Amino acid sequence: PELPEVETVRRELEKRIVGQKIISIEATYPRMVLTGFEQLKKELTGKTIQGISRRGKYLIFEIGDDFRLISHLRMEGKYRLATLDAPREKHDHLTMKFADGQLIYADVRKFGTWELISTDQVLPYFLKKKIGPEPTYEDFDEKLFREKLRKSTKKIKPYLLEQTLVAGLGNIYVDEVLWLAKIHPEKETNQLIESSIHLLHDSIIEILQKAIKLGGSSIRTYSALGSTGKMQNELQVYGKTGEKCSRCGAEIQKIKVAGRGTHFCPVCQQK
């Protein structure tokens, strides 16, 4: 998932598990806990969930006063709230059990990660990752964004995917954003003019905020605790190879850019 989908999951967990005492924690795949599973089990059993935050595509569980569990879902990670008697599913890896149910993490590809760190280590953790600003008008400063684009010869799509110019875009929303802002994904960033940078800046904020309002995009695998998003119905290019651009009627094309499948209108997004 990308930022919109992670935020939707964050909001649903906030509503449902805040205030819950963790009775026990179990793993069938303890190796995805990067800080040590038996260590996490010992520290968190008997603690109460106080909050759930997010930074970029990362979930942050706030547990007791001084623990933060940082969870990344990578490509296929999924959480569900289940009854205590729910049967195991094939790709279930970890569970936190409460009095009235359990929070299960599943990940077919085993890419997702958990890391237990202290409250005062959360800010340093994300500085070390080099995560850029959240995609909001208040945090995403167009002036610094412009200056960074000016000095680079990186192609715009790969650069945006790095999470360093702005946090939260992945393959779906980077494609949607570039189509909205009429920029070709292979455009070298130092070639972008000020007015194009301004439309790109605003289009990143607008599309992600729309995706969040609509509960994310459900394409193949995504749902927020069993709830389908509605953003998939608004996609203009991603997965739309061979269909006609809603603006000009040209056929959406798909190419490969830096290892990634890339969907664009060849008329609206001039090379």
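C-alpha atoms forming the largest set that superposes within 1.5 Å between two forms make up the rigid core. Each residue number is its position in the shown sequence, starting from 1.
The segment moving more, judged by mean Cα distance from this form in 4 other deposited structures of this protein after a core overlay, is 247 to 255 among 16 to 24 and 247 to 255. Between stretches 43 to 51 and 226 to 234, greater average Cα displacement in 4 other deposited structures of this protein relative to the shown form, fitted by the core, falls on 226 to 234. Residue-level annotation: residue 35 has coordinates in all of the other entries compared, counting only those that model residues on either side of it, so it never reaches the one-third mark.
When the other compared entries with both flanking residues are checked, residue 221 is unmodelled in at least a third. In this crystal structure, the stretch out of 192 to 200 and 69 to 77 whose C-alpha atoms carry the higher mean B factor is 192 to 200. With 167 to 175 and 151 to 159 compared on mean CA B-factor from the PDB entry, the stretch scoring higher is 151 to 159. The residue among 107, 134, 100, 115 whose C-alpha carries the highest B-factor in the deposited model is 100. Residue 31 sits in the middle third of its chain by CA B factor, as recorded in the PDB entry.
In the PDB entry, a CA B factor belonging to the middle third of its chain's modelled residues is recorded for residue 212. Annotation for residue 237: C-alpha temperature factor in the middle third relative to the rest of the modelled chain, per the entry. For residue 257, the recorded CA temperature factor ranks within the highest third of the chain's modelled residues. Per the PDB record, residue ranking by Cα B-factor puts residue 243 in the highest third of the chain.
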